[PDB]
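The data below hold one chain only, encoded as structure tokens and taken in the form deposited in one PDB entry.
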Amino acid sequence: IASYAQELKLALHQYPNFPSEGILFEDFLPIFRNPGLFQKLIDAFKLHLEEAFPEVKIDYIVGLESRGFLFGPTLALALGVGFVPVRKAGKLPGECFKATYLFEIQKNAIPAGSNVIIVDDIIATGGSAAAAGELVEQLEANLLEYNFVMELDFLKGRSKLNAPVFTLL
């Protein structure tokens, strides 16, 4: 986990003043360009979950649109578990639960009592992750943990969430 995290940190590309003046953007897309690095990202999350939840079966990975889609499904398939998306309003068909930060999840996707991990690339304010948490609770599912790639500590994003949080980098 530690050695993989160092190599993944070196792959990040910094972009000052994006999306606006004064903001320092950390781009994780170079990881996905290299199948060696991408495999290390997946392996590192897999290792964490096996360490944190050795005798608890995970039923689904719940990934946030959009950058949570880049690694969430791949992590799910590596674990042998299902993937379910949380999407922006009006994107998902059928009957959905809603949560304002608006995010949606499909009512038929996750049975009550399911154990889930929520995944996304970065946590900033925590508003998006918090909304996803509310959708999981509306499904009567269990939120074991939030898994992020990166975290902006100064923004205190964790304070909005009421389940444990792991950040890889």
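Here, rigid core means the biggest group of C-alpha atoms that superpose within 1.5 Å across both forms. Just count from 1 along the sequence shown to find any residue number.
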> Do any residues of the deposited sequence lie unmodelled between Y101 and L102, and which range holds their number: none, 1 to 3, 4 to 9, or 10 or more?
Replying inline: 4 to 9
> On average, are the C-alpha B-factors higher in 102 to 110 or in 138 to 146?
Replying inline: 102 to 110
> Out of 49 to 57 and 66 to 74, which one has CA B-factors that are higher on average in the deposited record?
Replying inline: 49 to 57
> Which third of the chain holds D120 when residues are ordered by C-alpha B factor: lowest, middle or highest?
Replying inline: lowest
> Thinking about Cα B factors across the chain, which third does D27 belong to?
Replying inline: middle
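The same protein also exists as the form deposited in another entry; that form is not shown, yet it is the one meant from here on.
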> Superposing on the rigid core, is the CA of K156 displaced by 2 Å or more between this form and the one not shown?
Replying inline: yes
> Knowing the Cα distance between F154 and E26 changes 3 Å or more in that other deposited form, does it shrink or grow relative to here?
Replying inline: closer
> So the Cα-Cα distance between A52 and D153 shifts by 3 Å or more in that other deposited form; is it shorter or longer than what we see here?
Replying inline: farther
